[PDB]
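**Q** Pasting a structure here, questions to come.
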Amino acid sequence: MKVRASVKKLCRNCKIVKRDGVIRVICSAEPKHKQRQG
Amino acid sequence: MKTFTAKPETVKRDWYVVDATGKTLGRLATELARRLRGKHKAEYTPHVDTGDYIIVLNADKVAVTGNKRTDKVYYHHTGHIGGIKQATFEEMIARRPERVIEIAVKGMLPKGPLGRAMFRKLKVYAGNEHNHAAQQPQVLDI
Amino acid sequence: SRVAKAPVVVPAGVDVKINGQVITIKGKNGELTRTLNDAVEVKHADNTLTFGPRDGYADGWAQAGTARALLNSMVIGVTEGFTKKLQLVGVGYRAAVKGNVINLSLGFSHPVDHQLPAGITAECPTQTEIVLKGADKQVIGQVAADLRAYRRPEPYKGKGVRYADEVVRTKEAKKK
Amino acid sequence: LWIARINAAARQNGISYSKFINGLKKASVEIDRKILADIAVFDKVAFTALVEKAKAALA
Amino acid sequence: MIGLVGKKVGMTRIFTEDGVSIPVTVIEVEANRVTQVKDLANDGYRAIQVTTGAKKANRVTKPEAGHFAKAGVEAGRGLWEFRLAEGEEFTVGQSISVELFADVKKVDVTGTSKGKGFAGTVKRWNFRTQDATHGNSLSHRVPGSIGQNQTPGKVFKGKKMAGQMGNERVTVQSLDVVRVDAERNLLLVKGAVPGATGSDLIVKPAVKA
RNA sequence: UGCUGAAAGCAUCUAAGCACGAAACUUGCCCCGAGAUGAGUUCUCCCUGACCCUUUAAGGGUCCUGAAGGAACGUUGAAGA
RNA sequence: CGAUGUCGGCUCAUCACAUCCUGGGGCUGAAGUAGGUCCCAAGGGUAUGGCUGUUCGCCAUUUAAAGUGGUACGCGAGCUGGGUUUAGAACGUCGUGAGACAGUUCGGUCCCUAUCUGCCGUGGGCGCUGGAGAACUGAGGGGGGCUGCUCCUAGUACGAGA
RNA sequence: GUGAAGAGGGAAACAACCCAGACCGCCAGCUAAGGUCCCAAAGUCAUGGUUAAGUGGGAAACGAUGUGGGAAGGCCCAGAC
């Protein structure tokens with residue numbers, strides 16, 4: 001995962017939302033793809 | 001160019017009370033400080049402090065609730081290894097609702113021996129108790 | 001901003017008191033439901049209602065689309081009730097409910113108990129369903145969120161407290 | 001130092017010091033200076049009658 | 001529930017069948033006179049004054065004699081005050097005794113430690129003595145280095161040096177009531193307490209449901 | 001970590017409005033503590049005298065003889081340089 | 001440069017947080033127990049024995065850790081004074097030589113009548129107002145703060161099981 | 001070009017940077033740089049432009065449907081996202 005300041009694009013299967021100021025990313029089908037800050 | 005003199009033995013103060021309901025911090029601080037130092041009625045000024053007393057009996061009802069109630073630090077140094085003591089406005093008003101306005105009014109006052117003699121007359125009240133039954137302060141607008 | 005520009009209709013047989021302090025409503029599914037006034041004001045001079053900023057308060061126009069949502073739910077909570085979503089899943093874990101006081105058995109030595117707020121009813125109609133009844137959509141959401149404080153279900157077995165709405169699934173022998 | 005009793009008296013009649021004093025500059029040729037503004041110390045109406053005059057003269 | 005006063009008679013080991021030998025402290029309890037009760041306008045709370053002797057009737061002054069006249073002037077050995085809350089019934093009409101402990105098992109004692117005011121770094125502050133041989137110049141009894149150099153410019157508050165020792169209030173809490181006698185006005189407690197043999201002890205009950 | 005939800009008709013721990021959480025933070029604990037000059041508070045004890053001057057609601061002087069309480073003095077301390 | 005005591009040894013502080021341990025938990029090639037990695041956090045904690053001038057190093061046994069840094073890489077108007085960095089001696093080398101030496105050891109001082117800021121106990125005033133006496137408020141400050149071992153829940157969760 | 005040999009107003013406090021080069025005064029006027037809620041003298045001035053945050057008030061490469069403006073293209077009100 002890592003703490004990150006880049007969100008970019010990395011996997012087309014990701015679902016993105018801005019939550020409590022930061023960008024959150026979760027991926028249903030492709031493995032390990034996740035983000036908790038951005 | 002002399003035109004007047006002060007007389008600290010003449011009696012003039014008559015007490016007035018303000019309602020904190022609907023009042024903001026910088027408003028209540030500046031509108032009280034100018035009336036406590038005196039810049040609106042009988043100005044001499046800068047020489048002595050010319051206010052007639054102006055007080056608050058219920059300090060908590062200030063309108064600081066939509067923005068910057070989650071703000072400030074009110075830092076205090078005790079001189080021990082515990083460091084500087086921090087409190088947010090929402091903590092500071094909750095323990096002693098007089099202090100956030102007594103700090104702000106003092107932040108709207110001059111400093112040194114006369115600026116201290118203004119603050120000695122600030123006389124903000126605490127405890128939600130009727131103690132003005134003969135003082136009889138009339139209610140003043142800001 | 002979109003939704004405060006548009007109206008909502010008062011359903012037939014619903015009774016409102018809406019022209020002063022404390023808004024009161026009743027209907028088919030709820031009686032003496034009331035709320036205290038806030039920064040948004042509703043217009044009742046037609047069978048359709050519209051929202052705008054209440055005088056004597058601040059920034060209520062940015063809140064008018066939010067007031068609409070809480071009002072629509074305040075009608076739903078007296079005309080038909082709300083959607084049930086809380087569940088407890090996996091063998092050896094089950095809820096207990098008095099009507100009245102609710103408890104979860106979910107593998108902790110914590111109490112995992114709730115005395116309920118006023119006007120809230122609790123039911124556990126199956127081995128895995130939980131239901132909360134009332135007229136405030138937020139209280140039946142938040143009582144469920146205290147019941148969702150322990151035993152988070154994992155992507156290896158899926159056992160614990162869950163909603164009928166999820167961002168995680170179980171995956172077996174996954175890549176790697 | 002004299003400003004202390006001047007600005008505080010304009011600010012009690014709906015005008016700023018910087019507009020009050022310039023209203024007395026728009027009056028043309030007539031005497032007004034800061035050392036001569038002390039009429040309020042004897043009677044405050046004497047200054048009120050000059051501030052209402054400055055407001056009329058400013059525009 | 002209030003408090004009581006008595007004298008530290010001494011301490012003696014009582015022995016047990018499986019060990020240990022257990023010191024028991026003996027407290028000789030006085031007729032605690034109940035000289036005063038605070039009520040009307042007394043800061044919204046109630047508090048009682050005990051009195052622990054009769055002193056001498058020749059030594060009294062009128063400001064003390066009138067203030068105590070409501071129970072007669074005695075004022076001996078110490079007055080002491082305790083807070084009266086949740087007490088149900090009023091304390092006046094009988095002198096308080098070890099009946100305060102007829103059901104209670106635990107107590108807290110304010111021992112008042114025997115004075116040792118002379119102090120020192122080895123006696124108070126637990127520091128060593130430094131180098132009796134091999135070489136050392138006037139640094140044999142010291143709390144080490146009292147402050148770091150240059151940048152601080154000043155001495156810190158709360159250092160391990162100077163002051164006085166003993167004569168603290170010093171509470172003790174890990175006690176047990178061994179015997180009570182309301183006819184003799186006598187109390188026995190397990191363990192050691194601050195204060196010398198022949199000194200006066202303040203005690204109050206400890207309860208948790 | 002969340003409920004309820006608008007900006008983004010979906011979505012969203014936040015903006016309005018609600019709920020939880022760390023050996024931290026603040027109390028409680030233990031001791032100090034109104035010079036807190038922002039100089040707290042109760043109870044008890046005591047005192048019911050005259051005269052003069054400038055002249056005056058200010059100031060100074062004279063006589064009469066004094067309560068409540070303290071101080072002095074021991075014998076000395078478990079209280080001390 | 002009319003003169004900031006240097007290395008190591010002893011004795012003892014204060015602030016950071018870039019966290020070794022202690023509380024929290026996220027991601028994972030995380031079933032579970034773990035390992036690998038991430039960051040909220042500096043309130044409490046963070047050995048001992050032998051060799052050397054000694055840090056630096058090495059070795060043996062202990063540990064919830066055997067954290068890193070600032071403060072002249074903290075404490076000579078601090079203790080110690082073996083090295084470096086005094087007069088004398090003694091070895092190896094270069095030079096014609098006085099000398100010189102990315103060559104090295106033996107003996108070698110550590111001063112202080114405390115003024116001011118500070119710190120730690122303790123007297124005496126002025127004050128709340130007519131004077132005295134007994135006692136208690138709580139605006140506020142300080143202290144306190146981690147942890148080893150074992151047992152029950154339980155061989156419970158997860159997992160044939162291990 | 002200035003401090004060297006340059007005083008004054010401004011830059012928190014500042015030599016050299018900014019305004020200006022001081023013969024000596026005025027209970028006198030007028031401006032500069034800078035400044036006018038309060039500390040601390042003076043507009044919380046008139047009118048227009050921009051951001052939405054303690055930005056303003058330390059800060060990079062980098063990253064996000066944060067977003068107003070500009071010119072076209074597409075879908076677009078017998079019916080768009």
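Here's how to read the names in the structure tokens: chain A, B, ... by the order shown, residue numbers from 1 in each chain, ligand numbers from 1 in the order shown.
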Pick out the chain B residues within 12 Å of chain E. Count only C-alpha atoms. Give them as a PyMOL selection string.

**A** chain B and resi 78-82

**Q** Given the selection you just returned, output its residues as a file containing N, CA, C and O atoms, formatted as an mmCIF file, in the first residue's frame.

**A**
```cif
data_model
loop_
_atom_site.group_PDB
_atom_site.id
_atom_site.type_symbol
_atom_site.label_atom_id
_atom_site.label_comp_id
_atom_site.auth_asym_id
_atom_site.auth_seq_id
_atom_site.Cartn_x
_atom_site.Cartn_y
_atom_site.Cartn_z
ATOM 1 N N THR B 78 4.769 26.490 32.912
ATOM 2 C CA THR B 78 4.781 26.330 34.376
ATOM 3 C C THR B 78 6.194 26.341 34.956
ATOM 4 O O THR B 78 6.343 26.550 36.154
ATOM 5 N N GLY B 79 7.230 26.126 34.139
ATOM 6 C CA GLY B 79 8.643 26.107 34.561
ATOM 7 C C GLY B 79 9.145 24.732 34.994
ATOM 8 O O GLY B 79 10.200 24.632 35.616
ATOM 9 N N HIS B 80 8.421 23.683 34.666
ATOM 10 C CA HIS B 80 8.755 22.303 34.989
ATOM 11 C C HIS B 80 8.882 21.456 33.721
ATOM 12 O O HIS B 80 8.484 21.880 32.632
ATOM 13 N N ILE B 81 9.428 20.251 33.851
ATOM 14 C CA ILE B 81 9.689 19.338 32.735
ATOM 15 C C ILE B 81 8.446 18.881 31.965
ATOM 16 O O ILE B 81 8.584 18.321 30.883
ATOM 17 N N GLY B 82 7.232 19.162 32.450
ATOM 18 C CA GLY B 82 5.967 18.894 31.756
ATOM 19 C C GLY B 82 5.769 19.713 30.464
ATOM 20 O O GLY B 82 4.859 19.417 29.704
#
```

**Q** Near region 4-15 of chain G, counting only C-alpha atoms (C1' of nucleotides), which residues have an atom at most 8 Å away, once you skip same-chain residues fewer than 3 positions from it, shown as a PyMOL selection string?

**A** (chain E and resi 143-148) or (chain G and resi 53-55+70-71+74-76+79-80+83-84)

**Q** Listing only residues of chain C within 6 Å of chain F, what is the closest atom pair and its distance in Å (to one decimal) for each, using only C-alpha atoms (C1' of nucleotides), sorted by chain and residue number ascending, as CSV?

**A**
```
residue,atom,partner,partner_atom,distance
C:63,CA,F:16,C1',5.5
C:66,CA,F:6,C1',5.5
C:138,CA,F:4,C1',4.7
C:141,CA,F:3,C1',5.3
C:142,CA,F:3,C1',4.5
```

**Q** Based on the selection just made, write N, CA and C atoms of those residues as a short mmCIF file (atom, residue, chain, number, x, y, z; two decimals), in the first residue's frame.

**A**
```cif
data_model
loop_
_atom_site.label_atom_id
_atom_site.label_comp_id
_atom_site.auth_asym_id
_atom_site.auth_seq_id
_atom_site.Cartn_x
_atom_site.Cartn_y
_atom_site.Cartn_z
N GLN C 63 -27.11 24.25 3.65
CA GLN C 63 -27.68 23.17 4.44
C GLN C 63 -29.06 22.74 3.94
N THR C 66 -29.55 19.28 2.55
CA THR C 66 -29.34 18.34 3.65
C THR C 66 -30.59 18.26 4.54
N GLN C 138 -30.92 8.13 11.42
CA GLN C 138 -29.56 8.21 11.96
C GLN C 138 -29.39 7.40 13.24
N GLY C 141 -29.13 3.83 12.43
CA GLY C 141 -27.83 3.65 11.78
C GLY C 141 -26.68 3.63 12.79
N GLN C 142 -26.72 4.51 13.77
CA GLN C 142 -25.70 4.64 14.81
C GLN C 142 -25.78 3.56 15.90
#
```

**Q** Write down as a PyMOL selection string the residues belonging to chain C that are assigned strand (DSSP E or B) by DSSP computed on the backbone.

**A** chain C and resi 8-9+15-17+23-27+30-35+40-43+48-53+86-89+94-97+102-105+113-114+121-123+129+131-133+160-163

**Q** Select from chain D every residue with an atom at most 9 Å from any atom of region 43-57 of chain B, then for each give the shortest pair of atoms and their distance in Å to one decimal, using only C-alpha atoms, rows by chain and rising number, as CSV.

**A**
```
residue,atom,partner,partner_atom,distance
D:1,CA,B:46,CA,7.6
D:4,CA,B:45,CA,6.3
D:5,CA,B:43,CA,5.2
D:6,CA,B:43,CA,8.8
D:8,CA,B:43,CA,7.3
D:9,CA,B:43,CA,8.9
```

**Q** Just how far from CA of residue 27 (chain B) is CA of residue 129 (chain B), in Å to one decimal?

**A** 25.4 Å

**Q** Determine, counting only C-alpha atoms (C1' of nucleotides), which protein, DNA and RNA residues have an atom within 12 Å of an atom of residue 26 (chain F); residues of the same chain fewer than 5 positions away are not included. Present the result as a PyMOL selection string.

**A** chain B and resi 85-87+91-92+95

**Q** Determine, counting only C-alpha atoms (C1' of nucleotides), which protein, DNA and RNA residues have an atom within 7 Å of an atom of region 59-75 of chain E; residues of the same chain fewer than 2 positions away are not included. Present the result as a list in words.

**A**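 After dropping sequence-adjacent residues, the list is residues 35, 51, 53, 54, 55, 56, 57, 78 and 79 of chain E; 43, 44 and 45 of chain F; 133 and 134 of chain G.
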
**Q** In Å, with one decimal, what is the gap from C1' of residue 55 (chain H) to CA of residue 16 (chain A)?

**A**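 Computing the Euclidean distance for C1' of residue 55 (chain H) and CA of residue 16 (chain A) yields 26.4 Å.
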
**Q** Within 8 Å of residue 54 (chain D), counting only C-alpha atoms (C1' of nucleotides), which residues show up once you throw out same-chain ones fewer than 2 positions away? Write them as a PyMOL selection string, please.

**A** chain D and resi 20-21+23-24+27+50-52+56-58

**Q** I need the chosen residues saved as a PDB file, in the first residue's frame, with N, CA and C atoms.

**A**
```
ATOM      1  N   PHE D  20     -14.387  63.655   8.496  1.00  0.00           N
ATOM      2  CA  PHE D  20     -14.764  64.818   9.280  1.00  0.00           C
ATOM      3  C   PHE D  20     -13.828  65.984   9.007  1.00  0.00           C
ATOM      4  N   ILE D  21     -12.516  65.768   9.150  1.00  0.00           N
ATOM      5  CA  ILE D  21     -11.526  66.811   8.950  1.00  0.00           C
ATOM      6  C   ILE D  21     -11.454  67.284   7.489  1.00  0.00           C
ATOM      7  N   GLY D  23     -14.128  67.249   5.409  1.00  0.00           N
ATOM      8  CA  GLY D  23     -15.356  68.045   5.272  1.00  0.00           C
ATOM      9  C   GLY D  23     -15.143  69.487   5.661  1.00  0.00           C
ATOM     10  N   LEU D  24     -14.357  69.725   6.706  1.00  0.00           N
ATOM     11  CA  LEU D  24     -13.962  71.058   7.113  1.00  0.00           C
ATOM     12  C   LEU D  24     -12.891  71.681   6.192  1.00  0.00           C
ATOM     13  N   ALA D  27     -15.103  72.918   3.068  1.00  0.00           N
ATOM     14  CA  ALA D  27     -15.839  74.128   3.401  1.00  0.00           C
ATOM     15  C   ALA D  27     -15.242  75.401   2.793  1.00  0.00           C
ATOM     16  N   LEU D  50     -20.557  71.036  14.950  1.00  0.00           N
ATOM     17  CA  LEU D  50     -19.479  71.104  13.959  1.00  0.00           C
ATOM     18  C   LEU D  50     -19.347  69.807  13.177  1.00  0.00           C
ATOM     19  N   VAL D  51     -19.604  68.666  13.803  1.00  0.00           N
ATOM     20  CA  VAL D  51     -19.601  67.385  13.115  1.00  0.00           C
ATOM     21  C   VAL D  51     -20.802  67.267  12.182  1.00  0.00           C
ATOM     22  N   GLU D  52     -22.005  67.665  12.612  1.00  0.00           N
ATOM     23  CA  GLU D  52     -23.181  67.712  11.731  1.00  0.00           C
ATOM     24  C   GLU D  52     -22.991  68.694  10.562  1.00  0.00           C
ATOM     25  N   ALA D  56     -22.639  67.663   6.377  1.00  0.00           N
ATOM     26  CA  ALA D  56     -23.316  68.432   5.330  1.00  0.00           C
ATOM     27  C   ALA D  56     -22.340  69.035   4.293  1.00  0.00           C
ATOM     28  N   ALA D  57     -21.168  69.490   4.725  1.00  0.00           N
ATOM     29  CA  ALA D  57     -20.162  70.110   3.860  1.00  0.00           C
ATOM     30  C   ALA D  57     -19.332  69.138   3.014  1.00  0.00           C
ATOM     31  N   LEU D  58     -19.101  67.923   3.499  1.00  0.00           N
ATOM     32  CA  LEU D  58     -18.329  66.878   2.829  1.00  0.00           C
ATOM     33  C   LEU D  58     -18.865  66.533   1.437  1.00  0.00           C
TER      34      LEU D  58
END
```

**Q** Which residues are close to region 68-73 of chain B, i.e. within 10 Å by only C-alpha atoms (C1' of nucleotides), leaving aside same-chain residues fewer than 2 positions away? Reply as JSON, numbers by chain.

**A** {"B": [63, 64, 65, 66, 75, 76, 84, 85, 86, 87, 88, 89, 90, 91, 92, 93], "H": [54]}

**Q** Residues of chain H near chain A: apply a cut-off of 9 Å, count only C-alpha atoms (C1' of nucleotides), and supply the list as a ChimeraX atom specification.

**A** /H:62-64

**Q** Considering only C-alpha atoms (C1' of nucleotides), return as number ranges by chain whatever protein or nucleic-acid residues lie within 12 Å of residue 7 (chain H), sequence-local ones (same chain, fewer than 6 positions apart) excluded.

**A** H: 20-22

**Q** Taking only region 12-198 of chain E into account, list the residues labelled alpha helix (DSSP H) by DSSP (computed from the backbone), as a PDB file with C-alpha atoms, in the first residue's frame.

**A**
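Printed below is states-v7.pdb as written:
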```pdb
ATOM      1  CA  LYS E  62     -12.355  33.608  75.708  1.00  0.00           C
ATOM      2  CA  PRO E  63     -12.234  33.308  71.828  1.00  0.00           C
ATOM      3  CA  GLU E  64     -11.583  29.553  72.224  1.00  0.00           C
ATOM      4  CA  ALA E  65     -13.893  29.062  75.271  1.00  0.00           C
ATOM      5  CA  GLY E  66     -16.923  30.693  73.477  1.00  0.00           C
ATOM      6  CA  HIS E  67     -16.263  28.918  70.153  1.00  0.00           C
TER       7      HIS E  67
END
```

**Q** Give me, as a tab-separated table, the closest atom pair and its distance (Å, one decimal) for every residue of chain F within a cut-off of 10 Å of chain A, counting only C-alpha atoms (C1' of nucleotides), rows sorted by chain and rising number.

**A**
```
residue	atom	partner	partner_atom	distance
F:11	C1'	A:17	CA	7.3
F:12	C1'	A:19	CA	5.6
F:13	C1'	A:20	CA	5.9
F:14	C1'	A:20	CA	7.0
```

**Q** For those residues, write C-alpha atoms (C1' of nucleotides) to a file as a PDB file, in the first residue's frame.

**A**
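As written to disk, again-v6.pdb reads:
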```
ATOM      1  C1'   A F  11     -20.475   8.306  -4.237  1.00  0.00           C
ATOM      2  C1'   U F  12     -18.214  10.373   0.441  1.00  0.00           C
ATOM      3  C1'   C F  13     -15.792   9.777   8.258  1.00  0.00           C
ATOM      4  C1'   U F  14     -17.669  16.309   7.489  1.00  0.00           C
TER       5        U F  14
END
```

**Q** Mind pulling up the distance from CA of residue 163 (chain C) to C1' of residue 21 (chain F)?

**A**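 That distance, rounded to one decimal, is 21.8 Å.
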
**Q** Could you list, as a PyMOL selection string, every residue of chain E that has an atom within 12 Å of an atom of chain F, counting only C-alpha atoms (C1' of nucleotides)?

**A** chain E and resi 36-47+60-70+110+113-118+167-173+195-200

**Q** Could you list the residues in chain C lying within 12 Å of chain B, using only C-alpha atoms, and format the result as a PDB file with N, CA, C and O atoms, in the first residue's frame?

**A**
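Once everything was written out, this is part_0.pdb:
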```
ATOM      1  N   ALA C  39     -31.143  26.002  11.218  1.00  0.00           N
ATOM      2  CA  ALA C  39     -30.861  27.019  10.206  1.00  0.00           C
ATOM      3  C   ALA C  39     -31.620  26.968   8.861  1.00  0.00           C
ATOM      4  O   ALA C  39     -31.454  27.876   8.045  1.00  0.00           O
ATOM      5  N   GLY C  56     -32.261  34.397  11.349  1.00  0.00           N
ATOM      6  CA  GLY C  56     -31.752  34.291  12.725  1.00  0.00           C
ATOM      7  C   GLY C  56     -30.679  33.213  12.901  1.00  0.00           C
ATOM      8  O   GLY C  56     -30.148  33.063  14.001  1.00  0.00           O
ATOM      9  N   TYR C  57     -30.330  32.512  11.831  1.00  0.00           N
ATOM     10  CA  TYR C  57     -29.270  31.509  11.744  1.00  0.00           C
ATOM     11  C   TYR C  57     -28.295  31.837  10.592  1.00  0.00           C
ATOM     12  O   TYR C  57     -28.608  32.644   9.711  1.00  0.00           O
ATOM     13  N   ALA C  58     -27.127  31.187  10.578  1.00  0.00           N
ATOM     14  CA  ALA C  58     -26.077  31.352   9.571  1.00  0.00           C
ATOM     15  C   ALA C  58     -25.916  30.160   8.637  1.00  0.00           C
ATOM     16  O   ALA C  58     -26.038  29.024   9.067  1.00  0.00           O
ATOM     17  N   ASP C  59     -25.546  30.433   7.380  1.00  0.00           N
ATOM     18  CA  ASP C  59     -25.154  29.488   6.341  1.00  0.00           C
ATOM     19  C   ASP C  59     -26.154  28.380   6.027  1.00  0.00           C
ATOM     20  O   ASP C  59     -25.786  27.352   5.487  1.00  0.00           O
ATOM     21  N   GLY C  60     -27.437  28.588   6.325  1.00  0.00           N
ATOM     22  CA  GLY C  60     -28.491  27.598   6.158  1.00  0.00           C
ATOM     23  C   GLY C  60     -28.788  27.278   4.690  1.00  0.00           C
ATOM     24  O   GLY C  60     -29.350  26.241   4.426  1.00  0.00           O
TER      25      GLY C  60
END
```

**Q** For a quick test of understanding: name the residues of chain D lying within 10 Å of chain H when counting only C-alpha atoms (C1' of nucleotides), and present them as a list in words.

**A** residues 1, 3, 4, 7, 16, 17, 18, 19, 33 and 35 of chain D
